[PDB]
Amino acid sequence: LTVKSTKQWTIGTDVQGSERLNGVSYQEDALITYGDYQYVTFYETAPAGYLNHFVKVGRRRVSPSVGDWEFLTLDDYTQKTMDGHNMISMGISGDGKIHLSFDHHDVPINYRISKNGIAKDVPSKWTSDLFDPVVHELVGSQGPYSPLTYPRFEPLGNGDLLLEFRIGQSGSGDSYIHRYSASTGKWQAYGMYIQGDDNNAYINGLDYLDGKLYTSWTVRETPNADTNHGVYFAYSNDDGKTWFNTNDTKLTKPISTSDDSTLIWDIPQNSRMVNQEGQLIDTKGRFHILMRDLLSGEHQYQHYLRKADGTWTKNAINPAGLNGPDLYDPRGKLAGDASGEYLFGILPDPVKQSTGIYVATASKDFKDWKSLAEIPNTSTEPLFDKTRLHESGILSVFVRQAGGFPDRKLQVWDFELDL
Ligand SMILES: *[C@@H]1O[C@H](CO)[C@@H](O[C@@H]2O[C@H](CO)[C@@H](O[C@@H]3O[C@H](CO)[C@@H](O)[C@H](O[C@H]4O[C@H](CO)[C@@H](O)[C@H](O)[C@@H]4O)[C@@H]3O)[C@H](O)[C@H]2NC(C)=O)[C@H](O)[C@H]1NC(C)=O
Ligand SMILES: [Ca+2]
Ligand code: NA
């Protein structure tokens, strides 16, 4: 596999502050293709200046030809909290509505939706008046809505959308799922699905495929990031209502962090493994986790694979030239092509200040990590567009540059693959 073309666009000037608010590992999602268009969301500085930001949403046509980006500015909600948790997630349901949830660290939900199904009935002009106001609840559902952190969306097969998040705090919290019906426009509460025990689960993502929902996590004892332990897994056949472990054993509802039956790899505290890194269900139904640790004696990214025969394996991702990350370094992602043969590691490198794109293949049991491409000049937790890669074989990555304000830009990089 090779690259046919590399293209990039600058979509904004990143915001100033001592935290990164754009390009954060748990944005789910920042960059989405739906129908014939690609969408992106990010903060930009408002006219009041430093510590005042607005959410922006971009769109461009990508099929059957690629058109120019255009942006709207949601100038009715001012983001002011310089806390690296306070990112934006976007989702697009099968009625065409665009959902946003943003700006949380242990506070009530902030959510808004488009008035109309603007990703389905595509409007000529792209303006902020396409969005309804910020609200602090999910119409049709019920709380708790606070203290919330980490909103994550997952589109289901019938057009519906899940929204998942933590209620509680680092070191003591639970997670909940809500489901939006594209047919009725109402939310419903699926309830608490994982319950902490003087700790909290930190999931890596949500991955839905062919009727099954997959997640993986580590458990955090305290607000100190050295107190993560374990790599855990579960899946659901009913979009989050009921859950099973890797051996198909039904779990209690909610899943307790104290239930060791979901553990797939023992990783002690102090292993330099970070929470909320990456996961992937590939199109063949193999599940993958990206984490890191120091347990070999060197810091390395780690690939966990749930193999078709059921066994889990763990392999370091150590292609030539990749500098392995420590606990606080930017987090990566795993992407997959349509065929399920190609696994992409989208791995920020802390020494190079760049994002590496590496590929491994299912034929070689994913052991054949090779450098495929690079995005230079990043200080980001890279995020990609699943649907665009499946539909057109283009790996599209949203990144925050490295460098100083106001030189540091937000970009989208497209790698057209010779798939
Ligand atoms: C429910 O699922 C869990 C989680 O997957 C599963 O537990 C895992 O079982 C496997 C298989 O027994 C364990 O892996 C082995 O552990 C022993 C040590 O106790 C090792 O000796 C093994 O390594 C040898 O065998 C490997 C075979 O490929 C060789 O490759 C290797 O080089 C060694 O010769 C092997 O690693 C694994 O530790 C657990 N995991 C956890 C987290 O407990 C459990 O069995 C499932 N239960 C049911 C009833 O299905
Ligand atoms: Ca997802
Ligand atoms: Na705790």
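The sequence shown begins at 1 in PDB author numbering and counts up by one.
C-beta: ideal position from N, C-alpha, C; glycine also.
Going by CA-CA distance only, name the one from the options that's closest to residue i.
i: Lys314; options: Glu298, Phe405, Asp266, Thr2; result: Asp266
i: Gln353; options: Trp369, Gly278, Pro376, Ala335; result: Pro376
i: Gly49; options: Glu28, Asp282, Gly17, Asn228; result: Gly17
i: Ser89; options: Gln27, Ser175, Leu263, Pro223; result: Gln27
i: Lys284; options: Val3, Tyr34, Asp210, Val57; result: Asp210
i: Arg60; options: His104, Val122, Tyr145, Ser146; result: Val122
i: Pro223; options: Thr252, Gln269, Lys186, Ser256; result: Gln269
i: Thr73; options: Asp238, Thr81, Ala119, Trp126; result: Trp126
i: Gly230; options: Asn110, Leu213, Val274; result: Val274
i: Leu305; options: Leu334, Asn323, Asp76, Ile32; result: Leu334
i: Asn110; options: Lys97, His85, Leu148; result: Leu148
i: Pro155; options: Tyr214, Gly404, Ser124; result: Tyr214
i: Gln79; options: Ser183, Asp103, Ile394; result: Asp103
i: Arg20; options: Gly310, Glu391, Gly196, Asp83; result: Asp83
Beta carbon of residue i, beta carbon of residue j: below 9 Å?
i: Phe153; j: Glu164; result: yes
i: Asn22; j: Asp14; result: yes
i: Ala201; j: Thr218; result: yes
i: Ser146; j: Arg220; result: no
i: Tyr39; j: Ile113; result: no
i: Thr6; j: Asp414; result: yes
i: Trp369; j: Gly345; result: yes
i: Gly321; j: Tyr301; result: no
i: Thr33; j: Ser296; result: no
i: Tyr358; j: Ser371; result: yes
i: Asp160; j: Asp238; result: no
If you follow the beta strand (DSSP E) that residue i is in, where does it begin and where does it stop?
i: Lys314; result: 312 to 317
i: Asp293; result: 287 to 293
i: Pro348; result: 342 to 349
i: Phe71; result: 70 to 79
i: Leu280; result: 278 to 281
i: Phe153; result: 148 to 155
i: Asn237; result: Here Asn237 belongs to no beta strand (DSSP E), and DSSP marks it neither H nor E.
I believe residue i touches residue j by the beta-carbon criterion, under 8 Å. Please report the beta-carbon distance rounded to the nearest angstrom.
i: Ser261; j: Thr249; result: 6 Å
i: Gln8; j: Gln411; result: 5 Å
i: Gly205; j: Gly278; result: 7 Å
i: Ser236; j: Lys212; result: 7 Å
i: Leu294; j: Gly332; result: With 8 Å as the limit, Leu294 and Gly332 do not qualify as a contact, their Cβ atoms being about 16 Å apart.
i: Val24; j: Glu381; result: 6 Å
How far does the alpha helix (DSSP H) with residue i in it extend, from its first residue to its last?
i: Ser392; result: 386 to 392
Go ahead and label residue i buried or exposed: buried means 16 or more other beta carbons lie within 10 angstroms of its beta carbon, across all protein chains shown.
i: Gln142; result: exposed
i: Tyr150; result: buried
i: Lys307; result: exposed
i: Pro330; result: buried
i: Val351; result: exposed
i: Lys115; result: exposed
i: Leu1; result: exposed
i: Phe405; result: exposed
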